[PDB]
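Heads up, the chain below is alone and in the form solved without the named molecule; it's given as structure tokens.
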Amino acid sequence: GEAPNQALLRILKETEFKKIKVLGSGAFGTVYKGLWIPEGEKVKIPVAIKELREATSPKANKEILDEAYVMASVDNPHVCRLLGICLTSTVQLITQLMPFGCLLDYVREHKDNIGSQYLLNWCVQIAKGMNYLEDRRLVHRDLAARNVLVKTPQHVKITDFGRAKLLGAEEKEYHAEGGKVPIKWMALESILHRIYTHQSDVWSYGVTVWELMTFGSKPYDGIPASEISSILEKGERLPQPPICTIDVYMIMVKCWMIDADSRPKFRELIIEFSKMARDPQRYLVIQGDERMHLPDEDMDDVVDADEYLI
């Protein structure tokens, strides 16, 4: 019962964007901060440009293109869109520049100046992003603070669609094949049976919120991933973070229930966190909260990709 996917995949010429600086590098390739300048449009768009190494396997290219396929098909304010791809000797993926980086890194770097209003807003925005993916019948399969990016301190987006799977309109579970997997973010059913669902994404949401609430701590730190599934069967979960009222923590705990259907729906998580976003000091207890404030390069013609629509 699926509608046709009429998303446009935009093919970019290399002459249309200029790389400025190197954000990061890898065997896979190097990511560049740059500007995209669409031909004859008098606009400059801050972008991140992923250029793969020429030493790339056809298995590797195949995987990245499926990621682009997913990224091109999504249109939501809390999900990263693929602007386009460039088919050069080495393939280049173009996405919206997220200047403040990884949300995991941001909370670690700024743990001193982050108040309860920001934390709850982020939980709301991530829930919306996931709720949207759920609407598109998508299962992310890798939700975690490392895969949320910061456009600005006030705006965050879900990213890393490498493990994402579309669900047949009929089907409710995706059954995986063996791979390297983010054990400590995974629903039990995923770990035991390689079963994934929107509810298994809810589990990971739960862990992702805990990362934020503990300003970037490592879940189940010092305990081997090989022992995680038994601990979960024993009924142990991550501990209540110091700043958390029982209200918030109760919500995380619900995400980690063994019966996936007993976990909350993303639309419910939206509701409950935004209720708390209204009176943040009531729900997160942070020292000197009411005092904290959170916020490089021809910027005349510069436009954010969020305002560049086609």
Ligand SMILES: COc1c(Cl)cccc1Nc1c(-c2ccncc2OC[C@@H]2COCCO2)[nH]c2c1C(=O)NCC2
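Each residue number is its position in the shown sequence, starting from 1.
The following text describes the form solved in complex with the named molecule, which does not appear among the structures shown.
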In the entry with it bound, the residue from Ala127, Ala187, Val209, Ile94 that sits within 4.5 Å of the named molecule by heavy atoms: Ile94
Quick check on this chain: which one of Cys255, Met276, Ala48, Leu284 has a heavy atom within 4.5 Å of the named molecule in the entry with it bound? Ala48
Any non-hydrogen atom of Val31 within 4.5 angstroms of the named molecule in the entry with it bound: yes
Any non-hydrogen atom of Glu67 within 4.5 angstroms of the named molecule in the entry with it bound: yes
Does any part of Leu149 reach within 4.5 Å of the named molecule in the entry with it bound? Heavy atoms only, please. yes
Within a 4.5 Å heavy atom cut-off, is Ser204 in contact with the named molecule in the entry with it bound? no
With the partner removed from view, which of 276-284, 49-57, 242-250, 258-266 is the stretch that lies within 4.5 Å of the named molecule in the entry with it bound, judged by heavy atom distances? 49-57
Going by the named molecule in the entry with it bound, which residues of 101-133 come within 4.5 Å of it through any heavy atom? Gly101, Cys102
